[PDB]
Each structure stands twice: as structure tokens, then as C-alpha cells.
Amino acid sequence: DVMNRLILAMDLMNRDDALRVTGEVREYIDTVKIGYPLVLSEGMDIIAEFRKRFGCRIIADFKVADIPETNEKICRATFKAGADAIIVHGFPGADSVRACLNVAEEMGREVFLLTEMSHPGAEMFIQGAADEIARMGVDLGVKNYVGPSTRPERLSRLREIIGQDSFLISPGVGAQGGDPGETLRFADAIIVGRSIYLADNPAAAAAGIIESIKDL
Amino acid sequence: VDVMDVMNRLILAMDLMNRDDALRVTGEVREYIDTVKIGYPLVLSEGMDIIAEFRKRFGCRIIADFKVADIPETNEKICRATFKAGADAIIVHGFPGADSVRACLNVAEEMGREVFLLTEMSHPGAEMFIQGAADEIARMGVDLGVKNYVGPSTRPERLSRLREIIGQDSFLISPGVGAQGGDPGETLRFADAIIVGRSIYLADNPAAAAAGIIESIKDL
Ligand SMILES: O=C1C[C@H](C(=O)O)N([C@@H]2O[C@H](COP(=O)(O)O)[C@@H](O)[C@H]2O)C(=O)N1
Ligand SMILES: O=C1C[C@H](C(=O)O)N([C@@H]2O[C@H](COP(=O)(O)O)[C@@H](O)[C@H]2O)C(=O)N1
């Protein structure tokens, strides 16, 4: 359950700037997605902190895409650092995703499978494997997925593959071009990045987005 | 000669997760290699500063094995942060497409660092989707101006195919020799250097582990 179905993609690289725009919209969010831009430039402890300076839940968007052995070490350190869930790439195959799954289960945490990406280059290879990846995701027993809001049609097919009792979230809303309304029809929640943390007033953006979909 | 050469054609994949063991083990094999591959296992446990530290204390070049695989905008920040940390190079995935790779290349060009494109991976799972796109990712990397690549030693027939695609003038490094089954000798028929992790850092005696690989290759 994600408050207001919205997830903050705190992608600012300044620690303070981060805990700021994050505080300037704390009201409308309870789930934060944190990536490498912030973590590498400020350290993994920027996570265990968030889980207090804001009490929110943290999804580590690390797109794990290595061999099984290394994926296991990466997931361990991300969870030890105290992350609630970690986003994993599916293109490396089923043994690599399985490695992340074991660790999540061993530590009682969550794995999110990224099936398709939102950006343009995604057409070359990712798109043609998307469905097969989502399906691998089902054979593997994955219950959490990430899909592109930049492609409403794919987003609907994804929901068809994963089922109704699978959790789904969607990036690409706003800057990349996705609409917060169309997207929420198949996915359990959206993820908005730049469209918030870069507006003259981030507080008055994560307010309007909630308005454009406070109906549902 | 345009690309930096690797001492003894051997790159150490330092994936131990605690600062002291990483330092201790790397120090022991210093006289044998001058390039060190530092990935997320160490960097997420000890921090990115570990990158400048190794680079200073050992005088070795550092390849950040981060497998950048995000959208262009984010890949740019990951590369800028990695280079700001002092890495000499950064490994990038190709599957996300040409725009994602180009974003890494711009920053590398801007800051005077290098990009290695990972085309095909060495684990079994790699057969499911990356193998099928491997030749095209390689060819895509070539057309983008990529001069450094990573190909799998666990499949000489594939490493060979990739060498033909990228040609004789570009730099190819290959992981998977040792713990994964690749042979130092065969791999080097096509790769300029091999990446070795566990066979050295989980060995009773790392230096001997390294000296013994360097030895069986000395002739070839
Ligand atoms: O396919 C993907 C993978 C990844 C993800 O969601 O896992 N993201 C992340 O979503 C954020 C951009 O949202 P914004 O700033 O454009 O509004 C960044 O943190 C991206 O790395 C994508 O956008 N597309
Ligand atoms: O295809 C790949 C991708 C990646 C890479 O080389 O970029 N690696 C890395 O090579 C090291 C293992 O060498 P060892 O410990 O098995 O000796 C780890 O750091 C892996 O993440 C692979 O092994 N296979």
C-alpha cells in the first residue's frame, strides 16, 4: 500500500537538497524510491537515515544486472543498509533474478522486477523481450514488477501477464511523457521524478498530481 | 596502442566486501597486476571513497564494474559520480539501447575517462536474452565509437564471434575464468586481458594464485 498511489523518485544528488524536496512533499508520500545518483554521491547510509528523518519506505532502484553470485552480494548490502525493496533487471536471465529472490526471502525483504524500460533506446532490445521477461517473472514467482507508463499499451499487457494479485509500479510519468491518469488504470502506483523535485515548488506539484487523480 | 595496456593481461575482480580484506588481498597481488576492477559489492559496503584509496595506495588503474543500465539522464549522473570518485573506466550494459550507452560515452569524453561496453555475459542465465542480442550490441557499440568491451570466457565460440565483430584494434576484456570455468589460455586467444575474482581473493594464498595464472600465460 502506497499513500496516494504516488512514489517519490528522489533523484537529486545533494544530500540536503534531497532531504529537502523530500520534506517539501512529505505530506503526499510515504514511499520513496532512491537510486544510484543519490546513494553513490552521499553513501548507503543516506538510506538508513531516510527511514527516520522521514519514517518512509525505501525502494532501492539499483537495477541489479550482474551474474547470480554478484547479484546476491549487491542485494545483501542493500538490505543490510536497510532498504525495503530493490529493483532488479530481468534481461540478465532467470538465474540472476533468482539470486536476488533468495536474498530477499532470506532477509524478509522485496524484489521488484523491471520488465520494460521507459526511454527510447528501450526499443532496440528490451521491448522485444518484455513479455518473456514478465513471464519469467511469473515462473520465478515474482510478485512485484515495474513497467513503463510511457507505453500505456505495454502497461496493460504487463498486467495481463503478471495477474491481478501482483504489485505493479510505473515510471516515465511527467518528464518522459506519461500521464498519471492513463497509467494508474493498470498499475498500483506511479513514480514521478523530475516533475516534482525540479519544480519552482515541489510541494505544489505533488499536490496537483494528486488532484489530477484524486478522483479514483 | 591507443588503449592502456594491462600488466600481465590480468585484471583482479576485487569483490571481497570488507575494506581490510580487500586491501590486504589486493596488496598481496600488487606486484602482479596493475588494473583493478571494483564493483558494487565493495563500493556499497565501504563507500565510493574506496575507489580513490585503492588508486592511490596501489597506483593501479580502476575499472568501476557498475553495469550502468538506466535511462540516459540517470546514466549520466552515475558516470559523473563514478569519475568524480576517480575511476578510470566504467562498465556499461548495452541491452538498454544506443541512447543509454551514448549518455555514458558523453560524460567519459567530457571528463577524459573510458567506457567498456558489456555485450554478452558469462553466466548461464545469459543465454535467455543477452546472447540473442550480443552480436548487435557489439556492432552497436562499434558504430557508437566504443573501443573497450567485455565478453564471456565461459563461451570461447562467442568470445571469438565478438572479437570478429569488434575487430583487432579494439580492447576486449573477459571475465569467467576460474570459478566460472574459463581457461586463462583459451580466453586470451581473443581477449586482450582476463578478469579474475574468486580464484585469487578466496585462495589460501592469493599471490601464489596470481603468480600461477600469470605463469601459465607467460608462454602464450
Ligand atoms: O524504465 C525505467 C527504469 C527506472 C525505474 O523506474 O526502475 N526509471 C527511473 O525513474 C526515474 C525517472 O523518473 P522521471 O524523473 O523521468 O519523472 C529515474 O530514477 C529513473 O532511473 C525510469 O524512468 N525508467
Ligand atoms: O558477464 C559477467 C559480467 C561481469 C563483468 O565482467 O562485467 N562479471 C564480473 O566478474 C567478477 C567475477 O569474477 P570471478 O569471481 O567469477 O573470477 C564479478 O565482479 C562479476 O560481477 C562476470 O563475471 N560476468
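Residues displayed in chain A correspond, in order, to Swiss-Prot positions 10-225.
Backbone N, Cα and C atoms are what each Cβ position is placed from, and that goes for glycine too.
Marked as substrate binding site by Swiss-Prot: A:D20, A:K42, A:70-79, A:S127, A:180-190, A:202-203. Among the features that Swiss-Prot reports, active site, proton donor is placed at A:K72.
Sequence features, as recorded in Swiss-Prot, placed on the structure.
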residue : record                 : Cβ neighbours (10 Å)
A:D20   : substrate binding site : 22
A:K72   : substrate binding site : 24
A:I76   : substrate binding site : 22
A:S127  : substrate binding site : 24
A:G183  : substrate binding site : 22
A:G187  : substrate binding site : 24
A:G202  : substrate binding site : 24
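The 6 Å Cβ screen around ligand 1 retains A:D20, A:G202 from the binding-site residues A:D20, A:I76, A:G187, A:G202, ordered by sequence position.
Among the binding-site residues A:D20, A:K72, A:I76, the ones whose Cβ sits under 6 Å from an atom of ligand 2 are, in sequence order, A:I76. In sequence order, the binding-site residues from A:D20, A:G183, A:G187 that place a Cβ under 8 angstroms from a chain B Cβ are A:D20.
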